[PDB]
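Read the single chain below, which is given as structure tokens and is the form deposited in one PDB entry.
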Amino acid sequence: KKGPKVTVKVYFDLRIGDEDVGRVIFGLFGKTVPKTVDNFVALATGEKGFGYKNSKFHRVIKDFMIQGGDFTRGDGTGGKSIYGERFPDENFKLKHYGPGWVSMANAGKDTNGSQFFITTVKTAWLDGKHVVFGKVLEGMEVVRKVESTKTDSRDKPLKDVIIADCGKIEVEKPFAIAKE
């Protein structure tokens, strides 16, 4: 009850190939990292005319993370933010406290676009390099299902892991969560 406040939620409804695998719900920390949260949320709602719906997770590493958000190329080379192709690191106030914490994937300093990690273990080695902005609240078992999927040499799922639907769920009263 001492950690960051969840100010808004996002859902993803996921499929692996032609299998419906369920819903993941994230809580996002809009008081801590509003710019980074606003990007992720808008990409989830598709409200700028582009975003995560119909896109695929392109990298899965068991006992590390699953990575998605490249809705332009589906391979890690693409993606774009609501702020243009790339935007700077907002802050590093939050750490990767435990499994299910969500941060921006990047290509170095100030190269945030649309790609994100959903961590599946505590990933302290990402602290200070990747902007942490949310965490899984519900559907960690769906994350685990994706985490276990078979992959190619690029660690890309053999069967497309598709965000079949996504959007936001409003939070009337922001609530603090534990840093774990």
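From 1 onward, residues are counted along the sequence shown. Residues that one form lacks are left out of the comparison. Here the rigid core means the biggest group of C-alpha atoms that line up within 1.5 Å when the two forms are laid on top of each other.
If you look for the form solved in complex with a partner chain, you will not find it shown, but the lines that follow are about it.
- Highlighted residues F64, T77 and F117: every one comes within 4.5 Å of its partner chain in the deposited complex, counting any heavy atom.
- With the partner left out here, its partner chain still marks one of 35-43, 134-142, 118-126, 48-56 in the deposited complex; by a 4.5 Å heavy atom cut-off that stretch is 118-126.
- Its partner chain is not drawn, but in the deposited complex it has a heavy atom within 4.5 Å of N106.
- Every Cα shifting by 2 Å or more, across three or more consecutive residues, marks a moved region; comparing between this form and the one not shown on the rigid core, the sole such region is 178-180.
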